[PDB]
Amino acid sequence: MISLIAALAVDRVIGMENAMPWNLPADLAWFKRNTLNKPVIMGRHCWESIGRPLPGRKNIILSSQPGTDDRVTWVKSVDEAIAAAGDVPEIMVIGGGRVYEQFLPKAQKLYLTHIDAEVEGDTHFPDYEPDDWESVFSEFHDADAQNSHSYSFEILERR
């Protein structure tokens, strides 16, 4: 199955100037826990904002151009990305916005972090139909010394 994993601020903002405008160690821990030992698919812009392969994951990068880094697997279409991931239980799609938009119709699960942050953004999570989805896990956390916003973790499953 295909799952999307994303962190969304107010108004579904997911980025600004190729960066993520918040500091949430707890979200990074959640991200790692839910992507480790699974293939991860990302757009070229979202790769460039990392610049190093994520360890313990098969890193698959979508680009219309030839790849520039042999440490990761480069593919030129959605269907090639899916195929490159292979016969695994769960393929994780990690962004950014244009990649999320293309994989959302194919996804069975959404792993969302709702961050209580008012951030100007230039990139937004796609506007999904709420009726298509059922909340199966939800956990809220207050802001603390390490995490400067409150946030909730949510898993939605396609009905």
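We number the residues from 1 along the sequence you see.
According to the PDB record, 10-18 carries the higher mean C-alpha B-factor of the two stretches 10-18 and 147-155. According to the PDB record, 128-136 carries the higher mean C-alpha B-factor of the two stretches 128-136 and 33-41. Out of 115, 93, 119, 61, the entry records its largest CA B-factor for 119. In the deposited entry, the Cα temperature factor of residue 5 sits in the bottom third of values across the chain's modelled residues. When the CA B factors of the chain's modelled residues are split into thirds, the value for residue 87 lands in the highest one. Ranked by C-alpha B-factor against the other modelled residues of its chain, residue 26 falls in the middle third. Ranked by Cα temperature factor within the chain, residue 107 sits in the middle third according to the deposited record.
Split the chain's modelled residues into thirds by C-alpha temperature factor. Residue 54 is in the middle one.
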